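Engineer: Structure file my_file11.txt (compact mmCIF, N, CA and C atoms) right here:
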```
# COMPACT_ATOMS: atom_id res chain seq x y z
N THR A 531 36.88 38.74 68.12
CA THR A 531 37.88 37.96 68.84
C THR A 531 37.22 37.23 70.00
N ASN A 532 37.77 36.07 70.34
CA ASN A 532 37.22 35.25 71.41
C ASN A 532 37.24 36.00 72.73
N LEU A 533 36.35 35.58 73.64
CA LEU A 533 36.19 36.23 74.93
C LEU A 533 37.16 35.65 75.94
N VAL A 534 37.84 36.52 76.68
CA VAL A 534 38.76 36.13 77.74
C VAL A 534 38.29 36.79 79.03
N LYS A 535 38.19 35.99 80.09
CA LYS A 535 37.72 36.46 81.38
C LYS A 535 38.79 36.25 82.44
N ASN A 536 38.64 36.96 83.56
CA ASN A 536 39.56 36.89 84.69
C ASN A 536 40.99 37.22 84.26
N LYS A 537 41.13 38.25 83.43
CA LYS A 537 42.43 38.64 82.90
C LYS A 537 42.37 40.08 82.43
N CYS A 538 43.40 40.86 82.76
CA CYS A 538 43.47 42.25 82.34
C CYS A 538 43.74 42.32 80.85
N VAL A 539 42.74 42.74 80.08
CA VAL A 539 42.83 42.83 78.63
C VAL A 539 42.18 44.12 78.16
N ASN A 540 42.53 44.52 76.94
CA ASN A 540 41.88 45.65 76.27
C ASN A 540 40.66 45.14 75.52
N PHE A 541 39.48 45.61 75.93
CA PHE A 541 38.22 45.14 75.37
C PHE A 541 37.60 46.21 74.48
N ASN A 542 36.76 45.76 73.55
CA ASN A 542 36.03 46.64 72.64
C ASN A 542 34.68 45.99 72.38
N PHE A 543 33.66 46.44 73.10
CA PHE A 543 32.31 45.88 72.99
C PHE A 543 31.44 46.86 72.20
N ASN A 544 31.39 46.64 70.88
CA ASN A 544 30.55 47.43 69.98
C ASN A 544 30.85 48.93 70.10
N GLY A 545 32.14 49.26 70.02
CA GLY A 545 32.59 50.63 70.08
C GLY A 545 32.99 51.11 71.46
N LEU A 546 32.59 50.41 72.52
CA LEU A 546 32.94 50.80 73.88
C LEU A 546 34.32 50.24 74.20
N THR A 547 35.32 51.12 74.24
CA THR A 547 36.71 50.72 74.45
C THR A 547 37.12 50.95 75.90
N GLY A 548 38.13 50.21 76.33
CA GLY A 548 38.63 50.34 77.68
C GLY A 548 39.54 49.18 78.03
N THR A 549 39.97 49.18 79.29
CA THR A 549 40.82 48.12 79.82
C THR A 549 40.30 47.71 81.19
N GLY A 550 40.35 46.41 81.46
CA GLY A 550 39.87 45.91 82.73
C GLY A 550 39.77 44.40 82.71
N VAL A 551 39.31 43.87 83.84
CA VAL A 551 39.13 42.43 84.03
C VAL A 551 37.66 42.10 83.87
N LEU A 552 37.36 41.11 83.03
CA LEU A 552 35.99 40.69 82.77
C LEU A 552 35.67 39.47 83.63
N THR A 553 34.55 39.54 84.36
CA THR A 553 34.12 38.46 85.23
C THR A 553 32.62 38.24 85.04
N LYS A 554 32.14 37.11 85.55
CA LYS A 554 30.72 36.79 85.49
C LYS A 554 29.97 37.63 86.52
N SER A 555 28.90 38.28 86.08
CA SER A 555 28.13 39.19 86.92
C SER A 555 26.77 38.59 87.26
N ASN A 556 26.23 39.01 88.40
CA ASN A 556 24.89 38.63 88.82
C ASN A 556 23.85 39.71 88.53
N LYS A 557 24.21 40.71 87.73
CA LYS A 557 23.29 41.79 87.42
C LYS A 557 22.29 41.35 86.35
N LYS A 558 21.01 41.61 86.61
CA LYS A 558 19.94 41.23 85.69
C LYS A 558 19.62 42.44 84.81
N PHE A 559 20.28 42.51 83.66
CA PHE A 559 20.04 43.60 82.73
C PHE A 559 18.69 43.43 82.03
N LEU A 560 18.24 44.50 81.40
CA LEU A 560 17.05 44.49 80.57
C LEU A 560 17.43 44.34 79.10
N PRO A 561 16.54 43.77 78.28
CA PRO A 561 16.93 43.46 76.89
C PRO A 561 17.38 44.66 76.07
N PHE A 562 16.86 45.85 76.35
CA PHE A 562 17.20 47.02 75.54
C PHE A 562 18.49 47.69 75.97
N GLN A 563 18.84 47.63 77.25
CA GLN A 563 20.06 48.25 77.75
C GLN A 563 21.23 47.28 77.64
N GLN A 564 22.38 47.81 77.23
CA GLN A 564 23.55 47.00 76.92
C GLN A 564 24.63 47.06 78.00
N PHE A 565 25.10 48.26 78.34
CA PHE A 565 26.16 48.44 79.32
C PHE A 565 25.62 49.19 80.53
N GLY A 566 26.29 48.98 81.67
CA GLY A 566 25.88 49.58 82.93
C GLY A 566 26.90 50.59 83.43
N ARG A 567 26.42 51.53 84.25
CA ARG A 567 27.27 52.54 84.85
C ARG A 567 26.91 52.68 86.32
N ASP A 568 27.91 53.03 87.13
CA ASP A 568 27.71 53.24 88.55
C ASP A 568 27.33 54.70 88.81
N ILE A 569 27.36 55.12 90.08
CA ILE A 569 26.95 56.47 90.43
C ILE A 569 27.91 57.51 89.86
N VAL A 570 29.18 57.15 89.67
CA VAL A 570 30.18 58.09 89.19
C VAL A 570 30.26 58.03 87.67
N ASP A 571 29.29 57.37 87.05
CA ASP A 571 29.16 57.31 85.59
C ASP A 571 30.36 56.64 84.93
N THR A 572 30.87 55.57 85.53
CA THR A 572 31.92 54.77 84.94
C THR A 572 31.38 53.40 84.56
N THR A 573 31.81 52.89 83.41
CA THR A 573 31.33 51.62 82.90
C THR A 573 31.82 50.49 83.79
N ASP A 574 30.89 49.81 84.47
CA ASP A 574 31.23 48.71 85.35
C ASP A 574 30.68 47.36 84.90
N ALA A 575 29.82 47.34 83.88
CA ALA A 575 29.27 46.08 83.38
C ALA A 575 28.85 46.27 81.93
N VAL A 576 29.03 45.22 81.13
CA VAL A 576 28.65 45.22 79.72
C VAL A 576 28.06 43.86 79.38
N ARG A 577 27.40 43.80 78.22
CA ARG A 577 26.86 42.56 77.70
C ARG A 577 27.62 42.15 76.45
N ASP A 578 27.72 40.84 76.24
CA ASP A 578 28.38 40.31 75.06
C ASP A 578 27.47 40.48 73.85
N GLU B 918 29.43 60.74 152.63
CA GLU B 918 28.13 60.50 153.24
C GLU B 918 27.03 60.23 152.22
N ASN B 919 27.24 60.59 150.96
CA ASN B 919 26.27 60.37 149.89
C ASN B 919 26.88 59.53 148.78
N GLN B 920 27.74 58.58 149.15
CA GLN B 920 28.45 57.78 148.15
C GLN B 920 27.48 56.94 147.33
N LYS B 921 26.50 56.31 147.98
CA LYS B 921 25.55 55.47 147.25
C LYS B 921 24.69 56.29 146.31
N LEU B 922 24.23 57.46 146.75
CA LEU B 922 23.42 58.32 145.89
C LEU B 922 24.21 58.79 144.68
N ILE B 923 25.46 59.21 144.89
CA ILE B 923 26.28 59.68 143.77
C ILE B 923 26.58 58.53 142.81
N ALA B 924 26.83 57.34 143.34
CA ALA B 924 27.07 56.18 142.48
C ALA B 924 25.83 55.85 141.65
N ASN B 925 24.65 55.89 142.27
CA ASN B 925 23.42 55.61 141.54
C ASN B 925 23.17 56.67 140.46
N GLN B 926 23.42 57.94 140.78
CA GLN B 926 23.24 59.00 139.79
C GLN B 926 24.21 58.82 138.62
N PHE B 927 25.46 58.47 138.91
CA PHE B 927 26.43 58.24 137.85
C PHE B 927 26.02 57.06 136.98
N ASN B 928 25.55 55.97 137.60
CA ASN B 928 25.11 54.81 136.82
C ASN B 928 23.91 55.16 135.94
N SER B 929 22.95 55.91 136.49
CA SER B 929 21.79 56.31 135.70
C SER B 929 22.19 57.21 134.54
N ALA B 930 23.13 58.13 134.77
CA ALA B 930 23.58 59.01 133.69
C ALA B 930 24.31 58.22 132.61
N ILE B 931 25.15 57.27 133.01
CA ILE B 931 25.85 56.43 132.03
C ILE B 931 24.85 55.61 131.23
N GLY B 932 23.80 55.11 131.89
CA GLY B 932 22.78 54.37 131.17
C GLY B 932 22.01 55.23 130.19
N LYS B 933 21.69 56.47 130.59
CA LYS B 933 20.98 57.38 129.70
C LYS B 933 21.85 57.86 128.55
N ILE B 934 23.18 57.86 128.72
CA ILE B 934 24.07 58.24 127.63
C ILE B 934 23.86 57.35 126.42
N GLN B 935 23.70 56.04 126.64
CA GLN B 935 23.46 55.13 125.53
C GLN B 935 22.13 55.41 124.85
N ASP B 936 21.12 55.82 125.61
CA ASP B 936 19.83 56.14 125.02
C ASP B 936 19.90 57.42 124.18
N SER B 937 20.66 58.41 124.65
CA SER B 937 20.79 59.67 123.92
C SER B 937 21.59 59.52 122.63
N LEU B 938 22.29 58.40 122.44
CA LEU B 938 23.02 58.13 121.21
C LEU B 938 22.36 57.08 120.33
N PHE B 939 21.73 56.07 120.93
CA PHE B 939 21.06 55.04 120.13
C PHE B 939 19.77 55.56 119.52
N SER B 940 19.09 56.50 120.18
CA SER B 940 17.83 57.03 119.68
C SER B 940 18.01 58.27 118.81
N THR B 941 19.01 59.10 119.10
CA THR B 941 19.24 60.32 118.34
C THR B 941 20.28 60.05 117.26
N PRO B 942 19.91 60.04 115.98
CA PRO B 942 20.90 59.76 114.93
C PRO B 942 21.79 60.95 114.59
N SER B 943 21.34 62.17 114.86
CA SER B 943 22.11 63.37 114.55
C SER B 943 23.12 63.73 115.64
N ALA B 944 23.32 62.85 116.63
CA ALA B 944 24.27 63.15 117.69
C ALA B 944 25.71 63.09 117.18
N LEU B 945 25.99 62.17 116.27
CA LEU B 945 27.33 62.00 115.70
C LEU B 945 27.49 62.71 114.36
N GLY B 946 26.84 63.86 114.19
CA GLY B 946 26.83 64.54 112.91
C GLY B 946 28.18 65.03 112.44
N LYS B 947 29.13 65.25 113.35
CA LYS B 947 30.42 65.81 112.96
C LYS B 947 31.25 64.80 112.18
N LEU B 948 31.44 63.60 112.73
CA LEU B 948 32.21 62.57 112.04
C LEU B 948 31.53 62.17 110.73
N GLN B 949 30.21 62.03 110.75
CA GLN B 949 29.48 61.70 109.54
C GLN B 949 29.62 62.79 108.49
N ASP B 950 29.61 64.06 108.91
CA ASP B 950 29.79 65.16 107.96
C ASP B 950 31.20 65.14 107.38
N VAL B 951 32.20 64.82 108.19
CA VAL B 951 33.57 64.72 107.67
C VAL B 951 33.66 63.61 106.62
N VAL B 952 33.10 62.44 106.94
CA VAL B 952 33.13 61.31 106.01
C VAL B 952 32.40 61.67 104.72
N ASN B 953 31.24 62.33 104.85
CA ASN B 953 30.45 62.69 103.68
C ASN B 953 31.17 63.73 102.83
N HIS B 954 31.85 64.69 103.47
CA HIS B 954 32.60 65.69 102.72
C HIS B 954 33.74 65.04 101.94
N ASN B 955 34.47 64.12 102.58
CA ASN B 955 35.55 63.43 101.88
C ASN B 955 35.02 62.61 100.71
N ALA B 956 33.93 61.86 100.94
CA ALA B 956 33.37 61.03 99.88
C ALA B 956 32.83 61.89 98.73
N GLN B 957 32.21 63.03 99.05
CA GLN B 957 31.66 63.89 98.02
C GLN B 957 32.77 64.57 97.23
N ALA B 958 33.87 64.93 97.90
CA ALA B 958 35.02 65.48 97.18
C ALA B 958 35.60 64.45 96.22
N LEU B 959 35.74 63.20 96.68
CA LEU B 959 36.24 62.15 95.79
C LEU B 959 35.29 61.92 94.62
N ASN B 960 33.98 61.93 94.87
CA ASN B 960 33.01 61.72 93.81
C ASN B 960 33.04 62.86 92.80
N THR B 961 33.17 64.10 93.27
CA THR B 961 33.27 65.23 92.36
C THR B 961 34.55 65.15 91.53
N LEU B 962 35.66 64.78 92.16
CA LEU B 962 36.92 64.66 91.43
C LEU B 962 36.83 63.58 90.35
N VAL B 963 36.20 62.45 90.66
CA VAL B 963 36.10 61.37 89.68
C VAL B 963 35.04 61.66 88.62
N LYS B 964 34.05 62.49 88.93
CA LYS B 964 33.05 62.87 87.93
C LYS B 964 33.54 63.99 87.02
N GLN B 965 34.52 64.79 87.46
CA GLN B 965 35.10 65.80 86.58
C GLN B 965 35.79 65.18 85.37
```
Produce structure tokens that represent the structure in this file.
Structural biologist:
Amino acid sequence: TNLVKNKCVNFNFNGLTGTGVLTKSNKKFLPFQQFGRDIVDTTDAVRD
Amino acid sequence: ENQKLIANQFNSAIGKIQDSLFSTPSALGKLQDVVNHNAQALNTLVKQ
């Protein structure tokens, strides 16, 4: 399904399910890692 | 009869108070410990 940003939607990124608002990030990920987590181990960033 | 001396001593003590707090970081340990305890309790609750 097409990507929608700046809107509360139910997302599913390659099996990673959840709900939240998708925005453009300034985080420089590495090619092998896909999604990011904060100190409390919650998903705060993903890759398309 | 010692008004000027007492005033100078009070001014010097007030001036040294700032040094005893700007140089010593563990002087405010109580408030920092309270904040850290609250934050750590929240982090433990969200990590559970």
Engineer: Show me a table, sorted first by chain and then by increasing residue number, of the residues of chain B having an atom at most 7 Å from chain A, each with its shortest atom pair and the distance in Å to one decimal, counting all atoms listed in the file and written as CSV.
Structural biologist:
```
residue,atom,partner,partner_atom,distance
B:960,CA,A:570,CA,6.5
B:963,C,A:570,CA,6.1
B:964,CA,A:570,C,5.6
```
Engineer: One decimal, in Å: what's the spacing between CA of residue 543 (chain A) and CA of residue 578 (chain A)?
Structural biologist: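 It comes out at 7.1 Å.
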Engineer: Can you work out the spacing between CA of residue 565 (chain A) and atom C of residue 533 (chain A) in Å, to one decimal?
Structural biologist: 17.2 Å
Engineer: Excluding residue 566 (chain A) and its own-chain neighbours fewer than 6 positions away, which residues fall within 6 Å of it when counting only N, CA and C atoms? Please give them as a list in words.
Structural biologist: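 Counting only the stated atoms, we get residues 572, 573, 574, 575 and 576 of chain A.
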Engineer: Rounded to one decimal place, report the atom C of residue 955 (chain B)-atom N of residue 938 (chain B) distance in Å.
Structural biologist: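 Result for atom C of residue 955 (chain B) versus atom N of residue 938 (chain B): 25.5 Å, one decimal.
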Engineer: Please check which residues have atoms at most 6.5 Å from (40.1, 49.6, 79.9) in the file's coordinates, counting all atoms listed in the file, and write them as a PyMOL selection string.
Structural biologist: chain A and resi 539-541+547-550
Engineer: Any chance you could model N, CA, C and O atoms for region 546-568 of chain A and send them as a PDB file, keeping the file's coordinate frame?
Structural biologist:
```pdb
ATOM      1  N   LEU A 546      32.590  50.410  72.520  1.00  0.00           N
ATOM      2  CA  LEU A 546      32.940  50.800  73.880  1.00  0.00           C
ATOM      3  C   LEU A 546      34.320  50.240  74.200  1.00  0.00           C
ATOM      4  O   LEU A 546      34.483  49.034  74.414  1.00  0.00           O
ATOM      5  N   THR A 547      35.320  51.120  74.240  1.00  0.00           N
ATOM      6  CA  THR A 547      36.710  50.720  74.450  1.00  0.00           C
ATOM      7  C   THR A 547      37.120  50.950  75.900  1.00  0.00           C
ATOM      8  O   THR A 547      36.544  51.785  76.605  1.00  0.00           O
ATOM      9  N   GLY A 548      38.130  50.210  76.330  1.00  0.00           N
ATOM     10  CA  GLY A 548      38.630  50.340  77.680  1.00  0.00           C
ATOM     11  C   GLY A 548      39.540  49.180  78.030  1.00  0.00           C
ATOM     12  O   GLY A 548      39.840  48.322  77.197  1.00  0.00           O
ATOM     13  N   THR A 549      39.970  49.180  79.290  1.00  0.00           N
ATOM     14  CA  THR A 549      40.820  48.120  79.820  1.00  0.00           C
ATOM     15  C   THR A 549      40.300  47.710  81.190  1.00  0.00           C
ATOM     16  O   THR A 549      39.854  48.550  81.971  1.00  0.00           O
ATOM     17  N   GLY A 550      40.350  46.410  81.460  1.00  0.00           N
ATOM     18  CA  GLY A 550      39.870  45.910  82.730  1.00  0.00           C
ATOM     19  C   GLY A 550      39.770  44.400  82.710  1.00  0.00           C
ATOM     20  O   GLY A 550      40.091  43.736  81.720  1.00  0.00           O
ATOM     21  N   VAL A 551      39.310  43.870  83.840  1.00  0.00           N
ATOM     22  CA  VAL A 551      39.130  42.430  84.030  1.00  0.00           C
ATOM     23  C   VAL A 551      37.660  42.100  83.870  1.00  0.00           C
ATOM     24  O   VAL A 551      36.798  42.733  84.501  1.00  0.00           O
ATOM     25  N   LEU A 552      37.360  41.110  83.030  1.00  0.00           N
ATOM     26  CA  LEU A 552      35.990  40.690  82.770  1.00  0.00           C
ATOM     27  C   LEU A 552      35.670  39.470  83.630  1.00  0.00           C
ATOM     28  O   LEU A 552      36.418  38.489  83.638  1.00  0.00           O
ATOM     29  N   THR A 553      34.550  39.540  84.360  1.00  0.00           N
ATOM     30  CA  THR A 553      34.120  38.460  85.230  1.00  0.00           C
ATOM     31  C   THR A 553      32.620  38.240  85.040  1.00  0.00           C
ATOM     32  O   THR A 553      31.915  39.075  84.468  1.00  0.00           O
ATOM     33  N   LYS A 554      32.140  37.110  85.550  1.00  0.00           N
ATOM     34  CA  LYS A 554      30.720  36.790  85.490  1.00  0.00           C
ATOM     35  C   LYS A 554      29.970  37.630  86.520  1.00  0.00           C
ATOM     36  O   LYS A 554      30.346  37.672  87.696  1.00  0.00           O
ATOM     37  N   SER A 555      28.900  38.280  86.080  1.00  0.00           N
ATOM     38  CA  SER A 555      28.130  39.190  86.920  1.00  0.00           C
ATOM     39  C   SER A 555      26.770  38.590  87.260  1.00  0.00           C
ATOM     40  O   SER A 555      26.222  37.783  86.501  1.00  0.00           O
ATOM     41  N   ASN A 556      26.230  39.010  88.400  1.00  0.00           N
ATOM     42  CA  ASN A 556      24.890  38.630  88.820  1.00  0.00           C
ATOM     43  C   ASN A 556      23.850  39.710  88.530  1.00  0.00           C
ATOM     44  O   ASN A 556      22.733  39.628  89.045  1.00  0.00           O
ATOM     45  N   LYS A 557      24.210  40.710  87.730  1.00  0.00           N
ATOM     46  CA  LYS A 557      23.290  41.790  87.420  1.00  0.00           C
ATOM     47  C   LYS A 557      22.290  41.350  86.350  1.00  0.00           C
ATOM     48  O   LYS A 557      22.681  40.794  85.324  1.00  0.00           O
ATOM     49  N   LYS A 558      21.010  41.610  86.610  1.00  0.00           N
ATOM     50  CA  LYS A 558      19.940  41.230  85.690  1.00  0.00           C
ATOM     51  C   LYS A 558      19.620  42.440  84.810  1.00  0.00           C
ATOM     52  O   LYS A 558      18.798  43.285  85.161  1.00  0.00           O
ATOM     53  N   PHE A 559      20.280  42.510  83.660  1.00  0.00           N
ATOM     54  CA  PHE A 559      20.040  43.600  82.730  1.00  0.00           C
ATOM     55  C   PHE A 559      18.690  43.430  82.030  1.00  0.00           C
ATOM     56  O   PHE A 559      18.065  42.362  82.068  1.00  0.00           O
ATOM     57  N   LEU A 560      18.240  44.500  81.400  1.00  0.00           N
ATOM     58  CA  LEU A 560      17.050  44.490  80.570  1.00  0.00           C
ATOM     59  C   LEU A 560      17.430  44.340  79.100  1.00  0.00           C
ATOM     60  O   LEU A 560      18.540  44.712  78.701  1.00  0.00           O
ATOM     61  N   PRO A 561      16.540  43.770  78.280  1.00  0.00           N
ATOM     62  CA  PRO A 561      16.930  43.460  76.890  1.00  0.00           C
ATOM     63  C   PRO A 561      17.380  44.660  76.070  1.00  0.00           C
ATOM     64  O   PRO A 561      18.213  44.498  75.173  1.00  0.00           O
ATOM     65  N   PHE A 562      16.860  45.850  76.350  1.00  0.00           N
ATOM     66  CA  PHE A 562      17.200  47.020  75.540  1.00  0.00           C
ATOM     67  C   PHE A 562      18.490  47.690  75.970  1.00  0.00           C
ATOM     68  O   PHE A 562      19.183  48.286  75.134  1.00  0.00           O
ATOM     69  N   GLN A 563      18.840  47.630  77.250  1.00  0.00           N
ATOM     70  CA  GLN A 563      20.060  48.250  77.750  1.00  0.00           C
ATOM     71  C   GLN A 563      21.230  47.280  77.640  1.00  0.00           C
ATOM     72  O   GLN A 563      21.096  46.086  77.910  1.00  0.00           O
ATOM     73  N   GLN A 564      22.380  47.810  77.230  1.00  0.00           N
ATOM     74  CA  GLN A 564      23.550  47.000  76.920  1.00  0.00           C
ATOM     75  C   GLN A 564      24.630  47.060  78.000  1.00  0.00           C
ATOM     76  O   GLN A 564      25.037  46.029  78.532  1.00  0.00           O
ATOM     77  N   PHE A 565      25.100  48.260  78.340  1.00  0.00           N
ATOM     78  CA  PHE A 565      26.160  48.440  79.320  1.00  0.00           C
ATOM     79  C   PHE A 565      25.620  49.190  80.530  1.00  0.00           C
ATOM     80  O   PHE A 565      24.637  49.922  80.447  1.00  0.00           O
ATOM     81  N   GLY A 566      26.290  48.980  81.670  1.00  0.00           N
ATOM     82  CA  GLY A 566      25.880  49.580  82.930  1.00  0.00           C
ATOM     83  C   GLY A 566      26.900  50.590  83.430  1.00  0.00           C
ATOM     84  O   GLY A 566      28.079  50.517  83.089  1.00  0.00           O
ATOM     85  N   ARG A 567      26.420  51.530  84.250  1.00  0.00           N
ATOM     86  CA  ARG A 567      27.270  52.540  84.850  1.00  0.00           C
ATOM     87  C   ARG A 567      26.910  52.680  86.320  1.00  0.00           C
ATOM     88  O   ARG A 567      25.766  52.462  86.720  1.00  0.00           O
ATOM     89  N   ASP A 568      27.910  53.030  87.130  1.00  0.00           N
ATOM     90  CA  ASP A 568      27.710  53.240  88.550  1.00  0.00           C
ATOM     91  C   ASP A 568      27.330  54.700  88.810  1.00  0.00           C
ATOM     92  O   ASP A 568      26.993  55.452  87.886  1.00  0.00           O
TER      93      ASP A 568
END
```
